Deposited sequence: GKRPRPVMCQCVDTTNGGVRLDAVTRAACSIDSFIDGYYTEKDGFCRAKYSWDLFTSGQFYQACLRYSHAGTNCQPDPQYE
C-alpha cells in the first residue's frame, strides 16, 4: 500500500475540483495544497486510503473523488 493524493470533485461537468470540499475532507488529517487542490499524506507512513477519502468527500458534498499515487512517496 502506497501513499495516494486526492481531490473531491463534482459528480457532474467532467467532475471539476471542489476545493472547499477537499479542504474540509482533508482536515484523514493530511495537508492541502492550494494551487493544485490535492490533499496529501503528511508522512509516507501516515497515509490515508483512497477509500477513506471518498467517505470524507461524501460527508461534505455530493462529490466523487479523483485519487492518484502521490509522486513524492513513489
item	value
Segments lacking C-alpha coordinates (deposited sequence numbering, starting at 1)	1 to 3, 31 to 34
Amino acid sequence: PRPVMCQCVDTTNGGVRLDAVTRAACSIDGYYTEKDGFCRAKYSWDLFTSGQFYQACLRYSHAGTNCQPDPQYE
From here on, numbers count along this sequence of modelled residues.
query: Stretch exceeding the other in mean C-alpha B-factor - 60 to 68, 5 to 13; finding: 5 to 13
query: Stretch with the higher entry mean CA B-factor, where the candidates are 46 to 54 and 18 to 26; finding: 46 to 54
